[PDB]
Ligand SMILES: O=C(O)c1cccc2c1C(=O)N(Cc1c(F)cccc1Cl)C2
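Single chain ahead, by itself, as structure tokens, in the form solved without the ligand.
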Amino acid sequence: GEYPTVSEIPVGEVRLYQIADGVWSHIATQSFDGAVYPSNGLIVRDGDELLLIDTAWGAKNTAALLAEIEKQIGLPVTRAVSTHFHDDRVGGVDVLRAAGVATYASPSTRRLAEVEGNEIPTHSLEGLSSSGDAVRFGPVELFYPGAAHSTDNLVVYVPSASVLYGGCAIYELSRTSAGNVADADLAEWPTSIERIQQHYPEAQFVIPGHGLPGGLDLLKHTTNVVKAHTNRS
């Protein structure tokens, strides 16, 4: 009802939606395969500065993201984390770096991003290489649930607000079929999701990579969709 949709967001623009105190999602609309969809990332306040989760796909959009943050929040983004290596999550990293933002990702993501020719976050996030690994990063906890949408995908939990951002490892309810699974691990995706359920059973707000937020139901929904795809179809 209040959450921004593609109808409110022209391609190239960015909206912010405050989930809780000091926690926002940033929403940007992207063109793909001739379709337009809303892409989610996360913003989390940390003291008097901001932690960014994922870009807005590309230089232009990521510049628009920084401008929307300054307009609505007005605190500096000092650090940024990319949840996996695909261009829509690391695209814009160069703009962030040039603006003075410290960019972060796992060695797995940086590795894969380089092979793909994508932009590469400067700093490496250690202690996330094994499935089930969790590390604290300021106002959030980074978690590697195992392979799913990609072998390197991370999810982000904000303990102060009980917010779980799943990136493309989590589907919105409106998504009834599998998205881009070229780099996915269909055999492991359900198991990885269950690691998330087990580790964050208290989560109250779940943010999918694309589309509308919900509750923990989005996990079982995603599993249902992934399994249906596996059985083809």
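Sequential numbering from 1, following the sequence displayed. Between two forms, the rigid core is the largest collection of C-alphas that superpose within 1.5 Å. Only residues modelled in both forms are compared.
Here the subject shifts to the form deposited with the ligand bound, a form of this protein not shown in this document.
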Item to check | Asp133, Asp94, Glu141, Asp87 - the one with a heavy atom within 4.5 Å of the ligand in the deposited bound form | outcome: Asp87
Item to check | Output flag, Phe32, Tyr37 and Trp57 jointly within 4.5 Å of the ligand in the deposited bound form, heavy atom basis | outcome: yes
Next on the checklist: Under a 4.5 Å heavy atom criterion, is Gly179 part of the interface with the ligand in the deposited bound form?
Outcome noted: yes
Item to check | Residues within stretch 136-158 having a non-hydrogen atom within 4.5 Å of the ligand in the deposited bound form | outcome: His149
Checklist outcome for this item: Only one of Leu173, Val36, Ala59, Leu186 shifts its Cα by 2 Å or more between the shown form and the other one once the rigid core is superposed, namely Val36
Checklist outcome for this item: Of the residues shared between the shown form and the other one, runs of 3+ whose Cα all shift 2 Å or more on the rigid core are 34-37
